Amino acid sequence: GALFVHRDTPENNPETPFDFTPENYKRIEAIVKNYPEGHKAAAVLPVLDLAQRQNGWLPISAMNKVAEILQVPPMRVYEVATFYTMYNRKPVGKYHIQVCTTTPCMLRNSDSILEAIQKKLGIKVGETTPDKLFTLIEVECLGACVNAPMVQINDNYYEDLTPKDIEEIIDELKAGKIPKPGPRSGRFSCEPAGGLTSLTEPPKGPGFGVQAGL
Amino acid sequence: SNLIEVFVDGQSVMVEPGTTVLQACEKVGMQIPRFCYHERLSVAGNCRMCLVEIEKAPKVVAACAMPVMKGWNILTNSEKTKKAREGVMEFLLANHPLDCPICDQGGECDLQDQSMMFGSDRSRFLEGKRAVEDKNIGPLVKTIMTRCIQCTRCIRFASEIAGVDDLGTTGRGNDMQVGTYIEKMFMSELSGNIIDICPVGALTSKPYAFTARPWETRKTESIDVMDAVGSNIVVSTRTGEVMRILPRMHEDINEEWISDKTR
Amino acid sequence: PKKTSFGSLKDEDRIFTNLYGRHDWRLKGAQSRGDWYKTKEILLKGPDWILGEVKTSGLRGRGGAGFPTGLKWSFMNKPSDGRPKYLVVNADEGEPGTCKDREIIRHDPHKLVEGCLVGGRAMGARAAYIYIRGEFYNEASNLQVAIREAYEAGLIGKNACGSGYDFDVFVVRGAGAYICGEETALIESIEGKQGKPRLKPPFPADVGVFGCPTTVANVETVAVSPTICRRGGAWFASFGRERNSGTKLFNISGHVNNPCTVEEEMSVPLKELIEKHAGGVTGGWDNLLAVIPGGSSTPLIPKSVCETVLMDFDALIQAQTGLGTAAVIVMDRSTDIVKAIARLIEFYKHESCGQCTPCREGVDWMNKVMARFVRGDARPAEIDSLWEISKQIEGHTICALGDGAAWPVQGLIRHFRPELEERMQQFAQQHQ
Amino acid sequence: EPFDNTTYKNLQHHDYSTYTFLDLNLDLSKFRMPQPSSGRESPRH
Ligand SMILES: Cc1cc2nc3c(=O)[nH]c(=O)nc-3n(C[C@H](O)[C@H](O)[C@H](O)COP(=O)(O)O)c2cc1C
Ligand code: SF4
Ligand code: SF4
Ligand code: SF4
Ligand code: FES
Ligand code: FES
Ligand SMILES: [K+]
């Protein structure tokens, strides 16, 4: 699935109503100034991200709006939208769950994490629940390899999951709560699970080791 | 002078600084393979069919893009160079469809001709083939995009020559596609010219579809009268019947383009 | 006498002293651990002195290629020609098995922001763009908070650190693509185009981001830069072997008792590193089957080699692999080696940008082949076919992603051929 | 002030909203130095 050619539909067409709220416009006014004058096209990615946050996905009307305000050919914004994968060109659930499945997360049995999430929601990969609350997709390495298995929901990393651990978060989400991020195993971060083995000593103060010449 | 001396198969040739390897070989009557390099467009370097070995080097460089350095012995026909073309030509034909009999380009296709001059005689590809869906871009240029080799000649021509940033690439990976992403017609006074630059049968003349084959047409070098520019053209006939119109290169008038009305 | 055994890095040497986030990471916390200390006095020594410290320390890029950092940053050291000059930091941590970079921005953000100023002044740059991958939203915000703190403390901006040198820092988030970690493809995303690598020449030191000179450096190779200047390049070189000196962050993951990110010394033995910090291989060291030293772009190695191989660039190169990002991925006997590497290929196939021919049309070919090997639905005569297909991709591509996708296949065919042929026999006789 | 190595000091990211990153970038505007000019409003000019 996930075609790369747009077709007009009643709910997704260039006449769809989209426009940045004035508060967003102020934010854009500062994004464009991170780049040299005459190279205002560098704001395509952040501005497309900002639109997605406002709407949750990018209708065809949204992309054209980004093109109009940055003076960019409309096709040059369709290239960006289809290239990067965090741009949702179709509506997504309220919570986009993203189960990593690359080898490091596969070795630590992510399949059980994926299988557990399907069973709790009764949806196959790529699908959205009938209530439009959740969307589940497999993804590649998310950078939390040592904390495998793990998933991402919207903006947060939930790490060191086990079939029971993940199902709690879904229940917490389905109640309207904001589940705490970070690993659920008994550790906090990339530190060893079985007690520290390094930096178990107060950090040296300013000026330590400074050479004489300096 | 500022000319630098470089060797093509050992033969000395003097070139200006900033000349590319591919241009160095032309100076001595040697023509490197190519699909993405067009002398009248940007440099893309994304087909890798022009990879060439440089003597006393461990890597093969893209002749079209690489500027030449002083005293480079270019080995246009070494074993390493030959196996670079064979490898690349193997990847282009992996997913290409078996449309030569029903393809308008058949008989004047650069993929075909360069396959038989620089590629192997058979295939070791056992998997299934990619298939893309056609895209309508107007009543002139017919699109059968399963034959596109993602060379970007059309994208670079429309942006720079015709000045219409409406063609581009969407997706990524083996699924990357060339098109407009929406129902758009590429209607410009120079629209028909993307037919010629496309080295394969992905873009072909729609009015001319299925009417003739390249080998059975007689070429007559004549002039155009649809405007005052006097574009040089080649009129193709078959059994005393005009079949198509093609540009005839002239640097000082029309380069190698013609307008839709003429074409 | 130079040492012959490496490891046991004393904490007074560990540069990243807040690696695990057990102390305050803000400016006050950073300033209590030597960060942002005598930074002005470093700057006024001049760009040559700063490079001399990096050049003498034997530093090498920590992003995966491993080129000498002193030589690279010296390309920028030429008088301007009317254009800006930029330092770009590659925080697009996307290599599978690697998480070291995520632990520097999130927990030691000020150490990086100190690096930009030290590196930027060395290169004569006027500002720093930091490319932090999209999925690291929370980490990026932490980095943004640190930048504001530095801005309000006069440590950057106009008249940075009181030295008269202006330097701005900007953080730009990628929209999600592994390829955007490539130094040139990263530049394209900053410019707003698609993340497709450029050819070379020109090199970024000639025509970089926005067409101005640019140097792309990894977070790790930039975070440690101020400390090298402070503690002297001679001190840094004392660790690791010759031409491999320093300390490296390691991510040990997969089939280990206690997966962890730990800072150790270069040239540490692989067996010592796993047993000391990671708690050994799950099920005992004899349960070890294969190890991917430098993430996933590097060929795996079998157990017999893991018992004597040191963790540095040259020793691993001598083992038909590479240090890469130093992200150790461990695999045990229970691992299905073919499927495990068949998944890495399916990773590159999706992450391939698609611009150029061999990797666009060839990495999918390898992916389709490896799928049939997993089930055994092949024949032994195709193993040499896949070997040859891989060597047509390697070296014939615009970027190194094509190289990095052929190497995983070659490693599997090199060291584990019987499993492939063993698999095909079972399928042949079952379907009969 | 006492050194405690058993508590997580990275607890500010548990309550980041959906506009945190953009707002921080917005707040870091008055500090920025003026950008260089290419000389033309765009490559299309
Ligand atoms: C496909 C691909 C992905 C890469 N991803 C990263 C990355 O995530 N982080 C990084 O520092 N370098 C990455 N690199 C290497 C960069 O291109 C470049 O070599 C390095 O960032 C430059 O900094 P260095 O001097 O420390 O090596 C990648 C290269 C390739 C081909
Ligand atoms: S484009 Fe060329 S090779 Fe492909 S089907 Fe047409 S004639 Fe044959
Ligand atoms: S349609 Fe033709 S010209 Fe355009 S990219 Fe494909 S092969 Fe090249
Ligand atoms: S090797 Fe692959 S990822 Fe790299 S430039 Fe070529 S197509 Fe793109
Ligand atoms: S392999 Fe899953 S986060 Fe890296
Ligand atoms: S002709 Fe040189 S890579 Fe295409
Ligand atoms: K054609």
# chains A, B, ... in the order shown; residues from 1 in each chain; ligands from 1
$ residues_near_ligand --ligand "ligand 6" --cutoff "6 Å" --atoms "only C-alpha atoms and all ligand atoms" --output "mmCIF file with N, CA and C atoms, in the first residue's frame"
data_model
loop_
_atom_site.group_PDB
_atom_site.id
_atom_site.type_symbol
_atom_site.label_atom_id
_atom_site.label_comp_id
_atom_site.auth_asym_id
_atom_site.auth_seq_id
_atom_site.Cartn_x
_atom_site.Cartn_y
_atom_site.Cartn_z
ATOM 1 N N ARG B 34 26.136 6.258 -21.621
ATOM 2 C CA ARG B 34 25.425 7.270 -20.859
ATOM 3 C C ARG B 34 23.933 7.017 -20.972
ATOM 4 N N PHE B 35 23.225 7.289 -19.899
ATOM 5 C CA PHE B 35 21.772 7.397 -19.919
ATOM 6 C C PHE B 35 21.286 8.697 -19.312
ATOM 7 N N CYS B 36 21.946 9.187 -18.266
ATOM 8 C CA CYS B 36 21.512 10.393 -17.577
ATOM 9 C C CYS B 36 22.218 11.648 -18.063
ATOM 10 N N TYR B 37 23.435 11.528 -18.577
ATOM 11 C CA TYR B 37 24.187 12.692 -19.017
ATOM 12 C C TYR B 37 23.651 13.175 -20.354
ATOM 13 N N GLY B 45 24.490 12.316 -12.845
ATOM 14 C CA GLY B 45 25.354 11.278 -12.321
ATOM 15 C C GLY B 45 24.632 10.226 -11.515
ATOM 16 N N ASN B 46 23.397 9.895 -11.887
ATOM 17 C CA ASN B 46 22.594 8.920 -11.162
ATOM 18 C C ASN B 46 22.153 7.770 -12.057
ATOM 19 N N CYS B 47 23.000 7.354 -12.989
ATOM 20 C CA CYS B 47 22.728 6.147 -13.756
ATOM 21 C C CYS B 47 23.924 5.216 -13.663
ATOM 22 N N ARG B 48 25.112 5.788 -13.490
ATOM 23 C CA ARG B 48 26.346 5.048 -13.266
ATOM 24 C C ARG B 48 26.714 4.159 -14.445
ATOM 25 N N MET B 49 26.151 4.412 -15.621
ATOM 26 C CA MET B 49 26.536 3.680 -16.819
ATOM 27 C C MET B 49 27.819 4.213 -17.436
ATOM 28 N N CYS B 50 28.271 5.392 -17.025
ATOM 29 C CA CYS B 50 29.477 5.999 -17.559
ATOM 30 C C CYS B 50 30.683 5.798 -16.655
ATOM 31 N N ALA B 62 32.682 8.332 -12.154
ATOM 32 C CA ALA B 62 31.634 8.692 -13.103
ATOM 33 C C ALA B 62 32.215 9.673 -14.107
ATOM 34 N N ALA B 63 32.414 9.217 -15.340
ATOM 35 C CA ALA B 63 33.093 10.047 -16.323
ATOM 36 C C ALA B 63 32.336 11.342 -16.572
ATOM 37 N N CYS B 64 31.004 11.286 -16.561
ATOM 38 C CA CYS B 64 30.214 12.465 -16.898
ATOM 39 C C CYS B 64 30.421 13.586 -15.890
#
$ residues_near_ligand --ligand "ligand 7" --cutoff "7 Å" --atoms "only C-alpha atoms and all ligand atoms" --output "list in words"
residues 105, 195, 196, 197, 198, 199, 200, 201, 202, 203 and 204 of chain B
$ write_last_selection --atoms "N, CA and C atoms" --output "compact mmCIF listing (two decimals), in the first residue's frame"
# COMPACT_ATOMS: atom_id res chain seq x y z
N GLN B 105 9.66 2.77 -28.94
CA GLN B 105 11.08 3.06 -29.01
C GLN B 105 11.85 1.95 -29.70
N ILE B 195 9.99 13.90 -25.26
CA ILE B 195 9.92 12.61 -25.94
C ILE B 195 11.31 12.18 -26.38
N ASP B 196 12.06 13.09 -26.99
CA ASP B 196 13.35 12.72 -27.56
C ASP B 196 14.38 12.43 -26.48
N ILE B 197 14.47 13.29 -25.47
CA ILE B 197 15.50 13.11 -24.45
C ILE B 197 15.28 11.82 -23.69
N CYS B 198 14.03 11.45 -23.43
CA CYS B 198 13.77 10.18 -22.76
C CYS B 198 14.45 9.08 -23.55
N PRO B 199 15.46 8.40 -23.00
CA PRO B 199 16.19 7.41 -23.80
C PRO B 199 15.44 6.12 -24.02
N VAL B 200 14.29 5.94 -23.38
CA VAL B 200 13.55 4.69 -23.41
C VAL B 200 12.12 4.98 -23.85
N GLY B 201 11.32 3.93 -23.93
CA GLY B 201 9.96 4.03 -24.39
C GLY B 201 8.96 4.51 -23.36
N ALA B 202 9.43 5.04 -22.23
CA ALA B 202 8.52 5.55 -21.21
C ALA B 202 7.71 6.72 -21.74
N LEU B 203 8.35 7.64 -22.46
CA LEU B 203 7.67 8.76 -23.10
C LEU B 203 7.78 8.59 -24.60
N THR B 204 6.64 8.65 -25.28
CA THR B 204 6.60 8.49 -26.73
C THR B 204 5.51 9.39 -27.30
$ closest_atom_pairs --of "chain A" --to "ligand 1" --cutoff "12 Å" --atoms "only C-alpha atoms and all ligand atoms" --output "CSV"
residue,atom,partner,partner_atom_place_in_ligand_line,distance
A:141,CA,ligand 1,8 (O),11.2
A:142,CA,ligand 1,8 (O),11.3
A:143,CA,ligand 1,8 (O),9.6
$ atom_distance --atom1 "CA of residue 29 in chain C" --atom2 "CA of residue 45 in chain C"
26.6 Å
$ closest_atom_pairs --of "chain D" --to "chain C" --cutoff "6 Å" --atoms "only C-alpha atoms" --output "tab-separated table"
residue	atom	partner	partner_atom	distance
D:5	CA	C:22	CA	5.5
D:8	CA	C:22	CA	5.2
D:9	CA	C:24	CA	5.4
D:13	CA	C:138	CA	6.0
D:21	CA	C:141	CA	5.3
$ interface_residues --of "chain B" --to "chain D" --cutoff "12 Å" --atoms "only C-alpha atoms" --output "PyMOL selection string"
chain B and resi 159-160+163-165
$ write_last_selection --atoms "C-alpha atoms" --output "mmCIF file, in the first residue's frame"
data_model
loop_
_atom_site.group_PDB
_atom_site.id
_atom_site.type_symbol
_atom_site.label_atom_id
_atom_site.label_comp_id
_atom_site.auth_asym_id
_atom_site.auth_seq_id
_atom_site.Cartn_x
_atom_site.Cartn_y
_atom_site.Cartn_z
ATOM 1 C CA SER B 159 12.865 22.694 -15.077
ATOM 2 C CA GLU B 160 15.781 24.228 -16.996
ATOM 3 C CA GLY B 163 11.013 26.389 -17.134
ATOM 4 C CA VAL B 164 8.077 24.384 -15.757
ATOM 5 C CA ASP B 165 8.823 22.814 -12.358
#
$ interface_residues --of "chain C" --to "chain B" --cutoff "6 Å" --atoms "only C-alpha atoms" --output "ChimeraX atom specification"
/C:352-357,360-361,392
$ write_last_selection --atoms "N, CA, C and O atoms" --output "tab-separated table (two decimals), in the first residue's frame"
chain	number	residue	atom	x	y	z
C	352	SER	N	17.06	2.90	1.19
C	352	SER	CA	17.72	3.35	-0.03
C	352	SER	C	17.01	4.58	-0.58
C	352	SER	O	15.78	4.57	-0.75
C	353	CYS	N	17.77	5.63	-0.87
C	353	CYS	CA	17.17	6.84	-1.42
C	353	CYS	C	16.61	6.59	-2.81
C	353	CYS	O	15.58	7.16	-3.17
C	354	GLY	N	17.26	5.75	-3.60
C	354	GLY	CA	16.78	5.38	-4.91
C	354	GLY	C	17.34	6.20	-6.05
C	354	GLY	O	17.01	5.93	-7.20
C	355	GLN	N	18.19	7.19	-5.76
C	355	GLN	CA	18.68	8.06	-6.82
C	355	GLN	C	19.44	7.29	-7.88
C	355	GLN	O	19.12	7.36	-9.07
C	356	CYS	N	20.45	6.52	-7.48
C	356	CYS	CA	21.37	5.91	-8.42
C	356	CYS	C	21.02	4.44	-8.64
C	356	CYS	O	20.24	3.84	-7.91
C	357	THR	N	21.62	3.86	-9.69
C	357	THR	CA	21.09	2.61	-10.24
C	357	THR	C	21.42	1.40	-9.38
C	357	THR	O	20.49	0.70	-8.95
C	360	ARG	N	19.47	1.28	-6.12
C	360	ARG	CA	18.02	1.34	-6.33
C	360	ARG	C	17.49	0.01	-6.83
C	360	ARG	O	16.56	-0.56	-6.25
C	361	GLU	N	18.09	-0.53	-7.89
C	361	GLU	CA	17.61	-1.75	-8.50
C	361	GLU	C	18.32	-3.00	-8.00
C	361	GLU	O	17.90	-4.11	-8.33
C	392	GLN	N	28.89	-5.98	-7.56
C	392	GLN	CA	28.50	-4.99	-8.56
C	392	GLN	C	27.91	-3.75	-7.91
C	392	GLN	O	28.02	-2.65	-8.47
$ residues_near_ligand --ligand "ligand 2" --cutoff "7 Å" --atoms "only C-alpha atoms and all ligand atoms" --output "CSV table (one decimal) with N, CA and C atoms, in the first residue's frame"
chain,number,residue,atom,x,y,z
B,96,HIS,N,13.1,-4.0,-16.0
B,96,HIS,CA,12.5,-3.5,-17.3
B,96,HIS,C,11.6,-4.5,-17.9
B,97,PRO,N,10.5,-4.1,-18.5
B,97,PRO,CA,9.5,-5.0,-19.1
B,97,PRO,C,9.9,-5.5,-20.4
B,98,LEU,N,9.3,-6.7,-20.8
B,98,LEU,CA,9.6,-7.3,-22.1
B,98,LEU,C,8.5,-6.7,-23.1
B,99,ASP,N,8.8,-5.4,-23.5
B,99,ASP,CA,7.8,-4.7,-24.3
B,99,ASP,C,8.4,-4.3,-25.7
B,100,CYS,N,9.6,-4.8,-26.0
B,100,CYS,CA,10.3,-4.3,-27.2
B,100,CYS,C,9.4,-4.5,-28.4
B,103,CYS,N,6.7,-1.8,-28.1
B,103,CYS,CA,7.2,-0.5,-27.6
B,103,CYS,C,7.6,0.4,-28.8
B,104,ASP,N,7.2,1.6,-28.8
B,104,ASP,CA,7.4,2.5,-29.9
B,104,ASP,C,8.9,2.8,-30.0
B,105,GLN,N,9.7,2.8,-28.9
B,105,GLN,CA,11.1,3.1,-29.0
B,105,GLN,C,11.9,1.9,-29.7
B,106,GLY,N,11.3,0.8,-29.8
B,106,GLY,CA,12.0,-0.4,-30.3
B,106,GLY,C,12.6,-0.1,-31.7
B,107,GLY,N,13.9,-0.3,-31.8
B,107,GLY,CA,14.6,-0.1,-33.0
B,107,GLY,C,15.4,1.2,-33.0
B,109,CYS,N,16.3,2.5,-29.6
B,109,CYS,CA,16.3,2.6,-28.1
B,109,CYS,C,17.7,2.5,-27.6
B,110,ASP,N,18.1,3.5,-26.8
B,110,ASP,CA,19.5,3.5,-26.3
B,110,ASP,C,19.7,2.4,-25.2
B,111,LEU,N,18.6,2.0,-24.5
B,111,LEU,CA,18.8,0.8,-23.6
B,111,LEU,C,19.0,-0.4,-24.5
B,112,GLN,N,18.3,-0.6,-25.6
B,112,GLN,CA,18.6,-1.7,-26.4
B,112,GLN,C,20.0,-1.7,-27.0
B,147,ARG,N,8.6,1.4,-18.1
B,147,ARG,CA,9.8,1.4,-18.8
B,147,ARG,C,10.8,2.5,-18.4
B,200,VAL,N,14.3,5.9,-23.4
B,200,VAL,CA,13.6,4.7,-23.4
B,200,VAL,C,12.1,5.0,-23.8
B,201,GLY,N,11.3,3.9,-23.9
B,201,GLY,CA,10.0,4.0,-24.4
B,201,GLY,C,9.0,4.5,-23.4
B,202,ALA,N,9.4,5.0,-22.2
B,202,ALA,CA,8.5,5.5,-21.2
B,202,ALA,C,7.7,6.7,-21.7
$ closest_residue --among "C:2, C:391, C:230, C:350" --to "chain A" --atoms "only C-alpha atoms"
C:230
$ interface_residues --of "chain A" --to "chain D" --cutoff "12 Å" --atoms "only C-alpha atoms" --output "number ranges by chain"
A: 23-42, 46-47, 49-56, 70-73, 154-158, 178-182, 187-191, 195-196, 198-203
$ select_by_dssp --residues "range 2-214 of chain A" --states "strand (DSSP E or B)" --output "number ranges by chain"
A: 9, 12, 37, 95-100, 128, 134-139, 150-153, 156-159, 182-183
$ residues_near_ligand --ligand "ligand 5" --cutoff "9 Å" --atoms "only C-alpha atoms and all ligand atoms" --output "compact mmCIF listing (two decimals) with N, CA and C atoms, in the first residue's frame"
# COMPACT_ATOMS: atom_id res chain seq x y z
N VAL A 99 6.13 0.08 16.12
CA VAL A 99 6.92 -0.98 16.71
C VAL A 99 8.17 -1.17 15.86
N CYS A 100 9.33 -0.92 16.44
CA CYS A 100 10.58 -1.21 15.74
C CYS A 100 10.73 -2.71 15.58
N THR A 101 11.26 -3.13 14.43
CA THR A 101 11.41 -4.55 14.16
C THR A 101 12.74 -4.89 13.52
N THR A 102 13.71 -3.98 13.51
CA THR A 102 15.01 -4.29 12.94
C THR A 102 15.71 -5.34 13.81
N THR A 103 16.82 -5.86 13.31
CA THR A 103 17.48 -7.00 13.95
C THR A 103 17.73 -6.79 15.44
N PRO A 104 18.34 -5.69 15.89
CA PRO A 104 18.54 -5.53 17.34
C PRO A 104 17.25 -5.61 18.14
N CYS A 105 16.17 -5.02 17.63
CA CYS A 105 14.88 -5.15 18.29
C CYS A 105 14.19 -6.46 17.96
N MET A 106 14.61 -7.14 16.90
CA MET A 106 14.09 -8.47 16.63
C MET A 106 14.72 -9.51 17.54
N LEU A 107 16.02 -9.38 17.81
CA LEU A 107 16.69 -10.37 18.65
C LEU A 107 16.06 -10.43 20.03
N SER A 110 10.79 -8.59 19.59
CA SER A 110 9.78 -7.57 19.33
C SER A 110 8.51 -8.19 18.76
N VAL A 139 8.25 -0.18 11.90
CA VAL A 139 9.24 0.80 11.47
C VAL A 139 10.63 0.20 11.63
N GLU A 140 11.63 0.96 11.21
CA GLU A 140 13.02 0.55 11.27
C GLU A 140 13.64 1.04 12.58
N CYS A 141 14.96 0.97 12.68
CA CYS A 141 15.63 1.35 13.92
C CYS A 141 15.24 2.76 14.33
N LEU A 142 14.85 2.91 15.59
CA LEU A 142 14.47 4.20 16.14
C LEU A 142 15.55 4.80 17.03
N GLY A 143 16.71 4.16 17.13
CA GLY A 143 17.81 4.67 17.92
C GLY A 143 17.87 4.18 19.35
N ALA A 144 16.82 3.54 19.85
CA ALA A 144 16.83 2.94 21.19
C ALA A 144 17.17 1.46 21.12
N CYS A 145 18.27 1.09 20.48
CA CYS A 145 18.54 -0.32 20.24
C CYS A 145 18.86 -1.06 21.53
N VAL A 146 19.68 -0.46 22.40
CA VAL A 146 20.05 -1.13 23.65
C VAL A 146 18.82 -1.36 24.52
N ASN A 147 17.81 -0.51 24.40
CA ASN A 147 16.59 -0.63 25.19
C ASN A 147 15.52 -1.43 24.49
N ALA A 148 15.90 -2.32 23.58
CA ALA A 148 14.93 -3.11 22.86
C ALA A 148 14.28 -4.14 23.78
N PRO A 149 13.05 -4.57 23.48
CA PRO A 149 12.17 -4.10 22.41
C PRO A 149 11.52 -2.78 22.80
N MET A 150 11.08 -1.97 21.85
CA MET A 150 10.52 -0.67 22.18
C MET A 150 9.56 -0.25 21.08
N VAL A 151 8.70 0.71 21.42
CA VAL A 151 7.78 1.32 20.47
C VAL A 151 7.80 2.82 20.69
N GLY C 94 20.98 7.13 13.03
CA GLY C 94 20.05 6.22 12.39
C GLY C 94 20.64 4.85 12.08
N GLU C 95 21.93 4.69 12.29
CA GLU C 95 22.57 3.40 12.04
C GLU C 95 22.00 2.35 12.99
N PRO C 96 21.49 1.23 12.49
CA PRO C 96 20.94 0.21 13.39
C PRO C 96 21.97 -0.26 14.40
N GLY C 97 21.52 -0.45 15.64
CA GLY C 97 22.38 -0.87 16.72
C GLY C 97 23.11 0.26 17.42
N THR C 98 23.02 1.48 16.92
CA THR C 98 23.75 2.61 17.47
C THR C 98 22.80 3.50 18.25
N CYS C 99 23.18 3.84 19.49
CA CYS C 99 22.42 4.78 20.29
C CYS C 99 23.32 5.73 21.06
$ closest_residue --among "C:376, C:370, C:34, C:46" --to "residue 413 in chain C" --atoms "only C-alpha atoms"
C:370
$ atom_distance --atom1 "CA of residue 139 in chain B" --atom2 "CA of residue 234 in chain B"
22.7 Å
$ interface_residues --of "chain C" --to "chain A" --cutoff "6 Å" --atoms "only C-alpha atoms" --output "list in words"
residues 11, 20, 32, 33, 34, 96, 97, 99, 175, 176, 177, 190, 191, 192, 194, 230, 231, 232, 253, 254, 258, 259, 260, 261 and 340 of chain C
$ closest_residue --among "C:306, C:424, C:179, C:223" --to "ligand 4" --atoms "only C-alpha atoms and all ligand atoms"
C:179
$ residues_around --residues "residue 276 in chain C" --least-positions-apart "3" --cutoff "10 Å" --atoms "only C-alpha atoms" --output "ChimeraX atom specification"
/A:197 /C:7-8,270-273,279-280
$ select_by_dssp --residues "chain D" --states "helix (DSSP H, G or I)" --output "number ranges by chain"
D: 13-15, 20-27
$ write_last_selection --atoms "C-alpha atoms" --output "PDB file, in the first residue's frame"
ATOM      1  CA  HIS D  13      10.857  15.645  29.035  1.00  0.00           C
ATOM      2  CA  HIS D  14       7.888  13.870  30.636  1.00  0.00           C
ATOM      3  CA  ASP D  15       5.699  16.942  30.002  1.00  0.00           C
ATOM      4  CA  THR D  20       7.726  22.822  22.624  1.00  0.00           C
ATOM      5  CA  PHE D  21      10.475  22.609  20.004  1.00  0.00           C
ATOM      6  CA  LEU D  22       8.968  25.305  17.795  1.00  0.00           C
ATOM      7  CA  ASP D  23       8.383  27.669  20.719  1.00  0.00           C
ATOM      8  CA  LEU D  24      11.987  27.339  21.884  1.00  0.00           C
ATOM      9  CA  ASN D  25      13.149  28.097  18.346  1.00  0.00           C
ATOM     10  CA  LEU D  26      10.816  31.098  18.330  1.00  0.00           C
ATOM     11  CA  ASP D  27      12.244  32.294  21.646  1.00  0.00           C
TER      12      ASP D  27
END
$ atom_distance --atom1 "CA of residue 12 in chain C" --atom2 "CA of residue 244 in chain C"
20.2 Å
